[PDB]
Amino acid sequence: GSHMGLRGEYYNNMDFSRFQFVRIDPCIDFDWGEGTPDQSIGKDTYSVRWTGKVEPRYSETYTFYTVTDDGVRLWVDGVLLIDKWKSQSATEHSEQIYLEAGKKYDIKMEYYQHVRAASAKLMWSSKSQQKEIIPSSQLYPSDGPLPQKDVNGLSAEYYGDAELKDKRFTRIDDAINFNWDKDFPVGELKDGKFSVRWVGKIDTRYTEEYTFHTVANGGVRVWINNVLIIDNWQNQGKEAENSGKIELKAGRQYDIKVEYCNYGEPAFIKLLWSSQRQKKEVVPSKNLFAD
Ligand SMILES: [Ca+2]
Ligand SMILES: [Ca+2]
C-alpha cells in the first residue's frame with residue numbers, strides 16, 4: 001500500500017525553513033550515519049516533520065519512544081508527550097498515553113540534525129504490543145496543504161516621503177544592492193525624498209559573530225533577530241558606512257528589517273555582511289527570504 005505511512009516534510013535548515021520535498025515514509029526508522037536523507041538535502045542543519053494519524057491495535061497504556069540524533073518533539077492526540085529539542089547523540093526518550101483500539105489519532109514528530117551523526121526512529125509498546133518500530137499498517141499520512149517554498153529576496157515597501165508614511169507600492173527586491181543614481185525608485189516625490197522598508201528572513205553559512213555593513217546616501221536602520229544593530233537615520237554623507245555585530249548560528253532563519261531614507265541626494269543603499277569565515281560581500285539573494 002504505497003499510501004501507508006506518515007507524510008515527511010524535509011527542510012535544508014534545522015528550523016523548518018528551506019523546504020525541499022515532501023514524501024510518504026512508511027515508517028520512522030532512519031539511520032543516515034553522517035549523511036542526509038536524500039541527495040537534495042545538504043550535510044548538517046536539516047529538519048523533518050512527519051504528520052498523519054496512528055491507529056493502535058489495542059485499548060491500552062501505550063508507551064511512545066523516539067531514538068534521535070539530534071532533537072525531537074512528539075505529539076499524539078495533540079498532547080506533547082516528548083519535548084527534547086536539543087543537541088544529542090542517539091538517545092531514547094519516551095512517554096505514555098492511553099489509546100483506544102482502532103481509533104485514528106493525530107501524530108506529529110518534529111526532528112532535526114545539527115552536525116555529525118543523524119538518525120530518527122519512532123517505536124511503541126503496551127501490555128499486548130511488543131516494543132516495535134511503529135509499522136506502516138498503523139500509520140496514515142496527512143494530506144491537506146503542502147508546505148510552500150518561500151521566495152528569495154525581501155518584501156520591500158516603498159514610501160513617497162522620508163518618514164515611512166505614504167506607502168506607494170510593495171514588491172520583492174532580490175537583495176539590498178541599489179545605486180538609483182538620480183532616477184528615484186518612487187515617482188511623484190517632493191525634493192527627491194522617499195524611504196524603503198525591507199522585511200524578511202536571513203540565514204548564514206557559519207555559526208559566529210557576523211558584521212552587517214551599510215553603504216548609503218541617506219539614513220539607515222538595520223535590525224537582525226529583532227536587535228537594532230545599525231542606527232544612522234539622520235545621515236546625509238554620500239556612501240556613508242555603518243556596521244554592527246551579532247552572533248548568529250548557521251542552519252536557521254533570523255528576522256531582518258532594513259529601513260532607508262533619502263533626503264534628496266542621488267539614492268544608494270547596499271547591505272553587506274562579513275565574518276571570520278565569510279568574506280565581505282553584498283548579502284546574496286539566496287540567503288534572504290521574503291516570508
Ligand atoms: Ca542545512
Ligand atoms: Ca547530529
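All Cβ positions, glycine included, derive from the backbone under ideal geometry; neighbour counts span all protein chains shown. Values in this text are rule-based calculations from the coordinates and carry no lab data.
Could you check the simple spin-label distance between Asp44 and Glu209, using points 7 Å along Cα→Cβ, in nm with one decimal?
Between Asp44 and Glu209, the simple spin-label model gives 2.1 nm.
Roughly how far apart, in whole Å, are the Cα centres of the stretch 14-30 and the stretch 196-269?
Taking the Cα centre of each part, the stretch 14-30 and the stretch 196-269 sit 33 Å apart.
Pulled fully out, how much extra length does the chain show between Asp291 and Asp183, if you take 0.36 nm times their separation in residues and subtract their Cα-Cα distance?
36.0 nm
What Kirkwood hydrodynamic radius, in Å, does the chain give when the mean of 1/r is taken over all pairs of distinct Cα atoms and then inverted?
21.6 Å
Using amide H atoms built in the peptide plane, which far-off residues or other-chain residues are under 5 Å from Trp32 H to H?
The list, which skips near neighbours in sequence, is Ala118, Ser119, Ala120.
Compute the length gained on full extension between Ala90 and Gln276: take 0.36 nm times their separation in residues and subtract their Cα-Cα distance, giving the result in nm to one decimal.
Result for the pair: 63.8 nm of gain on full extension.
May I have the pair-distance distribution P(r) for the stretch 6-141, computed from all Cα-Cα distances with 10 Å bins from 0 and rounded to whole percent?
13, 46, 31, 9, 0
So if each residue of separation counts as 0.36 nm, and I subtract the Cα-Cα distance between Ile97 and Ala250, what length gain in nm does that give?
Stretched out fully, the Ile97 to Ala250 stretch lengthens by 51.5 nm.
Output the Cα-based Rg and Dmax of the stretch 127-255 in Å, rounding Rg to one decimal and Dmax to a whole number.
For the stretch 127-255, the Cα radius of gyration and maximum Cα-Cα distance read 22.3, 80 Å.
With the crude spin-label approximation of a point 7 Å out along Cα→Cβ, what separation in nm comes out for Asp83 versus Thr61?
2.3 nm
For labels at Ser243 and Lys149 in the simple 7 Å Cα→Cβ model, what's the distance in nm?
If labels sit at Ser243 and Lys149, their model points lie 3.6 nm apart.
Is there a pair in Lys193/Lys286; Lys108/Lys286; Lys201/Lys245 whose C-alpha atoms are over 22 Å apart, and which pairs would that be?
Listed pairs above 22 Å: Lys193/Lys286; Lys108/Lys286.
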